[PDB]
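In: Structure here, sequence nowhere to be found:
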Ligand SMILES: CC(C)[C@H](NC(=O)N(C)Cc1ccccn1)C(=O)N[C@@H](Cc1ccccc1)[C@H](O)[C@H](O)[C@H](Cc1ccccc1)NC(=O)[C@@H](NC(=O)N(C)Cc1ccccn1)C(C)C
């Protein structure tokens, strides 16, 4: 598919069995998702953004499915205001920027 | 061009006379550049992201060239970690996400 950028590029992702929407984000290095409790082992982390840093938990090897396309990687869960799909999972789904 | 996202998507921009690099950022509504003097008048604004809010100066109707493509649009200047080109100028240059 081709997403245009008139609206925020939101898509549905299936993660841990359930669907959520998430923003496709070429300027994020990592994927950050709203608070949820996944089974599994995690690590504390801090990630930063325009106004400062926030505390998150890192899960490794999570399968997500972004418009039919699976990807496996690291996800950070924390008190974020949006669910953000960053480049670590976007590379796996073959996604490009074209102008 | 077609840009893959294995590395951070950074381009050279020309603005005010300067060259700079900025990130092409689909997850950003607006464009935020590090502090500079730009010709023109400006209004204070706040913008936010992960971590909170910063104070930015707003300049409207600013010419900017991203990879040899011109846009003319609003640019916010403030103390951002990174120079970000957001969706307000990516649609002028005809950028899409494809996968
Ligand atoms: C730049 C700013 C105007 C932009 N804000 C924005 O678009 N807003 C607030 C409108 C809005 C409101 C509600 C929903 C959606 N959008 C923003 O920060 N967007 C975030 C997404 C977001 C939106 C709202 C709340 C919280 C998050 C978007 O993720 C940007 O890609 C942002 C850009 C950025 C990059 C580097 C440094 C600062 C800002 N990435 C990030 O914040 C990511 N950080 C990151 O990847 N970093 C810091 C690594 C890095 C370092 C240096 C250079 C590049 N990358 C994190 C989500 C992990």
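Out: Nice, thanks for sending it over. Residues are numbered from 1 along each chain as shown, chains lettered A, B, ... in the order given.
In: gap between the residue nearest to residue A:97 when sequence neighbours are not counted and residue A:16?
Out: Leaving aside its chain neighbours, residue A:97 sits nearest to residue B:3 (4.2 Å; criterion: C-beta to C-beta, 6 or more residues apart in numbering or on different chains). Heads up, the C-betas are built off the backbone N, CA and C, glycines and all. According to C-beta to C-beta, to the nearest Å, residue B:3 and residue A:16 sit 31 Å apart.
In: for residue A:83, what are its contacts?
Out: A:13, A:20, A:21, A:22, A:23, A:32, A:33, A:34 (C-beta atoms under 8 Å, 6 or more residues apart in numbering or on different chains).
In: now with 7 Å?
Out: A:20, A:21, A:22, A:23, A:33, A:34 (C-beta atoms under 7 Å, 6 or more residues apart in numbering or on different chains).
In: what element comes up after the longest strand seen in chain A heading to the C-terminus?
Out: What stands out as the longest strand in chain A, according to DSSP state E, is strand A:52-66. Downstream of strand A:52-66, the first helix or strand assigned by DSSP states H and E is strand A:69-77.
In: Correct me if wrong: residue A:61 contacts residue A:71.
Out: No - judged on C-beta atoms under 7 Å, residue A:61 makes no contact with residue A:71 at a distance of 10.9 Å.
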